[PDB]
There are 2 protein chains.
Amino acid sequence: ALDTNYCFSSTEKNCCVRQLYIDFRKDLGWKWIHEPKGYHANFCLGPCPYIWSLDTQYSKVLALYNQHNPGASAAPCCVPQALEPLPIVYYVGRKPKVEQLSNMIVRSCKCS
Amino acid sequence: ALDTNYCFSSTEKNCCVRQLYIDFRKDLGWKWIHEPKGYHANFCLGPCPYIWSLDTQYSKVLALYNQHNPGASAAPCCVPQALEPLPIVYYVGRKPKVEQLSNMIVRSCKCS
């Protein structure tokens, strides 16, 4: 299970989603969004082994292509499979409008 | 265009698919497959900027979350979006059978 539930417990390095709170202005400096200040963007870091929930067939082949060659950084790339929206509030000229960005959050990583 | 056409030309580091020929036995040591010896598995390496064909919304946000914080390796993860099959030939007990693995190749990366 490579989601924000099994990665938000012990320590992990392979394809494990890690906390990635992003303060709209602190990290992205986004100026088109006023609120919220940030959110739990979460994300994924580190590659994955072979039986680590392989999505595509090239995910199991390369998974070994690296795990077999010591010194190769061509491993796979854990990524945010399922995402989540984001209730914000920005300004258009002079009228404030609250929306819900789509896929602006993570809820489970993977290995594409 | 982050495919094996624009990456197989000049040099790139961000989300650019690079050559990844894999010799079934040399790299994966796969013993369940006899032929071919290997194939053009290709793959992707390096993260991506913001306007680098973002797939999910978290691809444009994090793209800046890293491009903004100098010293953060939480960037995105370029991956093989479109893949390709693979005509092989293995053995089942004593009967040889040729098949076509699915998604056992890359034909274009992206940024999940």
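Sequence positions for chain A are given in Swiss-Prot numbering; the residues included correspond to 279-390, in order.
This deposition comes from solution NMR.
For all residues, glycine too, the Cβ spot is worked out from N, Cα and C.
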Answer for the disulfide partner of A:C387 (Swiss-Prot, candidates A:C322, A:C326, A:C355) is A:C322
Swiss-Prot annotation, disulfide partner among A:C326, A:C355 for A:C389: A:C326
Look at the disulfide annotations in Swiss-Prot and name the partner of A:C285 from this list: A:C293, A:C294. A:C294
Of A:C294, A:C322, A:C389 (the disulfide-bonded residues), the residue whose Cβ has the fewest other Cβ atoms within 10 Å: A:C294
For the disulfide-bonded residues A:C293, A:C294, A:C326, A:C387, return the ones with C-beta distance to chain B below 8 angstroms, or 'none'. none
Give me the non-local Cβ neighbours of A:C356 (disulfide bond): same chain, 6+ apart in sequence, Cβ-Cβ under 8 Å, ordered along the sequence. A:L280, A:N292, A:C293, A:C294, A:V295, A:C322, A:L323, A:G324, A:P325, A:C326, A:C387, A:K388, A:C389
